[PDB]
Amino acid sequence: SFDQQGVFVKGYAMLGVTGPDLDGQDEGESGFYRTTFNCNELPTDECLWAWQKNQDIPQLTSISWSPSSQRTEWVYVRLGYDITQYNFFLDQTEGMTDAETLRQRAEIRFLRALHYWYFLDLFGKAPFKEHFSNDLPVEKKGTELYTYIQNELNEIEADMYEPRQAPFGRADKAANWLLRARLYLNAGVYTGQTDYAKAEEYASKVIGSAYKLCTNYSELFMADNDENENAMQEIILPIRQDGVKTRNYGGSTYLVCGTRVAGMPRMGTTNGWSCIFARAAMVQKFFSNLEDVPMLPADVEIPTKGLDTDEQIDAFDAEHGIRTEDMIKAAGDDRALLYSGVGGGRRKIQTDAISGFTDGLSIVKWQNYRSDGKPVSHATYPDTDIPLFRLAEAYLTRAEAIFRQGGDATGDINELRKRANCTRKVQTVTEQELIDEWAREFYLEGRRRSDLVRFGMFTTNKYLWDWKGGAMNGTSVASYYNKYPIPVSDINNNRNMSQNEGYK
Ligand SMILES: OC[C@H]1O[C@H](O[C@H]2[C@H](O)[C@@H](O)[C@@H](O[C@H]3[C@H](O)[C@@H](O)[C@H](O)O[C@@H]3CO)O[C@@H]2CO)[C@H](O)[C@@H](O)[C@@H]1O
Ligand SMILES: [Ca+2]
């Protein structure tokens, strides 16, 4: 019958791997991480999908999707399915009072609350169901959904592990506080009423916990981030990932293999999909003047022989100051983990036509190499865990909250820039400085869109980036695009759901 341990483990496993699956989906495409990541990244200023022919990619890239959007449905169906599983577990263990089950239920309610946030943040409403049954989910709009989420988190806190006391991979009170802080920071968006004071309060609780910032930014996204204390100390909520276990159906697989192509030095994998690369605007977060970006001159030819090894590739790049470490030095920021070297071919910073992977610089933030230099478990699938929740979010969140209230946010911003060994310290905080910092600190971590919406820059002219709105130099779009549409399939199946404003 009911396998409490098995169902509990699946609850967390759903965050980082696929068994919710739909026709037209390749390996692991229904994934919770991939679907949510694409909805918050592909339409942003952080990256571009190289294969514009793939279905619905042009729509997501340009922010011009419709209710029939395949990717919108993929993430909608996944978020919903996951919740049905959390409701199943909670119903099957109702009434149990043993210590572990109390923690398990608290954590499951946490995961459910997290999924509703995604619904809230992405659709502004959600197909709501508290229990597992055949009854059609009822629609729960913004503010009501907001209050429900905040209440869930407030009530389970007591039964959750203390900060850094839960097995690595499970959520604790700090994960609860960080999420509430996120809800508060976006309260104005979801309710129409801001609550920056509360955002600061909880961000502070997190900062006050045992969690500390990793001293080496890159280590947070490496194969051993679940064994390297320096990294573990900052990862409040990691999605466990292991080469031989998760294999090709995980999230970090998408992050590492997806941003690489044969020829690049230290691929960390045998299969580079050459799918994800940065938009010119992303590069600009580290180089206000794109002319300062280390690049191979056009008049310099790329040898067709003598560049088959990492050793040969690094030397050629070094000769021309285009190794990623040179990129970091030119940027004066440890987070400028970009690659403009010759590995994989001549790169462009900006393009006037999305034709291929090389039309932009490569992003090497995610790596399948251990900081301790020891062997990883697999040659193709990465061991790198996805640090979904990081202490750094608390700092940027409180920084913005403080700024929004009219206070001095310089301290929290310089705390992250200092950790990143930035040569430039922020003297005064501004809206632009903040939103740019969110990009620098969390780019390619699946949250960009949400931040852009809050700053009122996602659909508007307040901020134009390359390829935004389908225009090469960037153009605005209808404001109703700040919320994805309700998949037309669910509109036809659940008479309780109503389409979001704007869509037809
Ligand atoms: O290798 C030549 C092929 O290059 C292009 O295929 C792309 C896909 O379009 C892109 O989505 C990605 O596919 C991966 C897929 O998304 C993932 O679910 C699966 O598990 O791995 C796939 C990669 O093996 O990357 C591939 C390869 O770059 C092109 O569209 C295709 O027609 C070419 O045959
Ligand atoms: Ca791991």
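As the structure lists them, so they are numbered: ligands from 1, and atoms in each ligand from 1. For this chain, numbers begin at 1 and follow the sequence in order. All values below were derived from every heavy atom in this structure, side-chain atoms included, with hydrogens, water molecules and symmetry-related copies excluded.
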*Asks:* Is the distance from the Ca ion (ligand 2) to some N, O or S atom of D383 under 3.0 Å?
*Replies:*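 Yes.
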*Asks:* Of the protein's non-hydrogen atoms, which lies at the shortest distance from atom 3 (C) of ligand 1, and what is that distance?
*Replies:*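 Going by distance alone, atom 3 (C) of ligand 1 is nearest to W51 CH2, 4.8 Å.
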*Asks:* For ligand 1, which atoms sit closer than 4.0 Å to a heavy atom of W49?
*Replies:*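 Those qualifying, in numeric order: 10 (C), 11 (O).
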*Asks:* Report the C-alpha separation of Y481 and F458 in whole Å, then their side-chain angles, then the decisive distance to 0.1 Å, and conclude whether the ring-ring contact (aromatic ring centres under 6.0 Å, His included) test is met.
*Replies:* CA-CA 8 Å; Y481 264 115; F458 185 55; 8.5 Å; no
*Asks:* Take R170 and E100, measure what salt bridge (charged side-chain N to carboxylate O under 4.0 Å, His left out) needs, and give me the verdict at the end.
*Replies:* CA-CA 13 Å; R170 290 173 56 177; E100 184 52 29; 2.9 Å; yes
*Asks:* Counting heavy atoms not belonging to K348, are there more than 12 under 6.0 Å from its NZ?
*Replies:*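 Check passes, neighbour count above 12.
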*Asks:* So, 4.0 Å and heavy atoms of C275: is ligand 1 close enough to count as a contact?
*Replies:*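 So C275 counts as touching ligand 1.
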*Asks:* Nearest 10° is fine: what angle sits at the Ca ion (ligand 2) between O from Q241 and OD2 from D226?
*Replies:*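 Reported to 10°, the angle equals 150°.
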*Asks:* Given the side-chain rings of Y503 and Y480, with only the six-membered ring counted for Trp, is the space between their centroids under 6.0 Å?
*Replies:*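 Yes: the rings meet the under 6.0 Å criterion.
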*Asks:* Nearest non-hydrogen contact with atom 23 (C) of ligand 1 belongs to which option: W273, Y249, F357?
*Replies:*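 Nearest option to atom 23 (C) of ligand 1, by heavy atoms: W273.
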*Asks:* Can you check whether a protein heavy atom sits less than 4.0 angstrom from atom 18 (O) of ligand 1?
*Replies:*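 When distances to the protein are checked, atom 18 (O) of ligand 1 has a heavy atom within 4.0 Å.
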*Asks:* Can the ring centres of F2 and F88 be said to be less than 6.0 Å apart?
*Replies:*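 When the ring centroids of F2 and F88 are compared, they turn out to be within the sub-6.0 Å range.
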*Asks:* Within a distance of under 4.0 Å, is there any protein heavy atom near atom 5 (C) of ligand 1?
*Replies:*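 So atom 5 (C) of ligand 1 has protein heavy-atom neighbours under 4.0 Å.
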*Asks:* I'd like to check atom 31 (C) of ligand 1 in this structure: does the protein have a heavy atom lying under 4.0 Å from it?
*Replies:*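 For atom 31 (C) of ligand 1 the answer is no, since every protein heavy atom stays at 4.0 Å or beyond.
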*Asks:* Is the distance between the Ca ion (ligand 2) and the nearest N/O/S atom of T384 smaller than 3.0 Å?
*Replies:*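 Looking at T384, which is the residue asked about, there is no N, O or S atom under 3.0 Å from the Ca ion (ligand 2).
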*Asks:* Is the centre of the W465 ring less than 6.0 Å from the centre of the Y463 ring?
*Replies:*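 Ring centres of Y463 and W465 closer than 6.0 Å.
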*Asks:* Hey, which atoms in ligand 1 end up nearer than 4.0 Å to a heavy atom of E29?
*Replies:*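 Counting atoms of ligand 1 from 1, those under 4.0 Å from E29 are 18 (O).
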*Asks:* Can you tell me if an N/O/S atom from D385 lies under 3.0 Å from the Ca ion (ligand 2)?
*Replies:*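 Here the distance criterion (N, O or S atom, under 3.0 Å) is met by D385, so yes.
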*Asks:* So which protein heavy atom does atom 24 (O) of ligand 1 come closest to, and at what separation?
*Replies:*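 Heavy-atom neighbour on the protein nearest atom 24 (O) of ligand 1: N271 ND2, 4.0 Å.
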*Asks:* Using a strict cut-off of 4.0 Å, indicate which atoms of ligand 1 neighbour a heavy atom of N248.
*Replies:*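 Contacts of ligand 1 toward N248, numbered from 1: 20 (O).
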*Asks:* List ligand 1 atoms under 4.0 Å from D26, heavy atoms only on the residue side.
*Replies:*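 In order of number, 15 (C), 18 (O), 19 (C).
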*Asks:* Check the angle between the aromatic planes of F123 and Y484 and answer parallel, tilted or perpendicular using the 30° and 60° thresholds.
*Replies:*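 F123 vs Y484 ring planes: tilted.
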*Asks:* Between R447 and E41, is there a side-chain N and carboxylate O pair less than 4.0 Å apart?
*Replies:*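 Salt bridge between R447 and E41, a charged N being under 4.0 Å from a carboxylate O: no.
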*Asks:* Could you check if a side-chain atom of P303 sits within less than 4.5 angstrom of a side-chain atom of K305, using non-hydrogen atoms only?
*Replies:*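 No; the side chains remain at least 4.5 Å from each other.
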*Asks:* Mark whether atom 13 (O) of ligand 1 lies under 4.0 angstrom from at least one protein heavy atom.
*Replies:*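 Not a single protein heavy atom is under 4.0 Å away.
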*Asks:* Once the angle between the rings of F8 and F89 is folded into 0 to 90°, is it parallel (under 30°), tilted (30 to 60°) or perpendicular (over 60°)?
*Replies:*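 Geometry flag for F89 against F8: tilted rings.
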*Asks:* Would you please indicate if the ring centroids of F119 and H115 are separated by under 6.0 Å?
*Replies:*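 No.
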*Asks:* For atom 8 (C) of ligand 1, what's the nearest protein heavy atom and its distance?
*Replies:*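 Answer, as residue, atom name and distance: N54 OD1, 4.0 Å.
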